[PDB]
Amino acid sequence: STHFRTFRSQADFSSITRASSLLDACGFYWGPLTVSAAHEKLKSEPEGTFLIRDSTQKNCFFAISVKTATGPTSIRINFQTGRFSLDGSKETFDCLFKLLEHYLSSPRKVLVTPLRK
């Protein structure tokens, strides 16, 4: 818990502060929510209710927590050179909210309704 990775560039730092600024504007960003704390808030919601929070891993910024058929789960949001991508996908986005607006129209229909504060 002592060491982290510094930002690789000013452009990378501008990408995360731009995303953090947009996340504070929306109502479904909960910040430093742990995996167990986020899943407790989602286990009683209708299927497909998603949530944005800070990841707990040292090398990851944000994560999504959604409720599927088997219950609440979490997916990593990979960030690399100003690009955002899901842990199990090959679609990169220059904005975090363009990443979310895409999977709201994906044929998988995983995300549908956000959990607001």
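We number the residues from 1 along the sequence you see.
Two stretches are in play, 98-106 and 17-25, and the higher mean C-alpha B-factor belongs to 98-106.
Mean C-alpha B-factor is higher over 85-93 than over the other stretch, the pair under comparison being 85-93 and 31-39. Per the deposited record, 44 carries the highest C-alpha B-factor of all listed residues (44, 57, 80, 74).
Sort the chain's modelled residues by C-alpha temperature factor and residue 69 lands in the highest third, per the entry. When the CA B factors of the chain's modelled residues are split into thirds, the value for residue 116 lands in the highest one.
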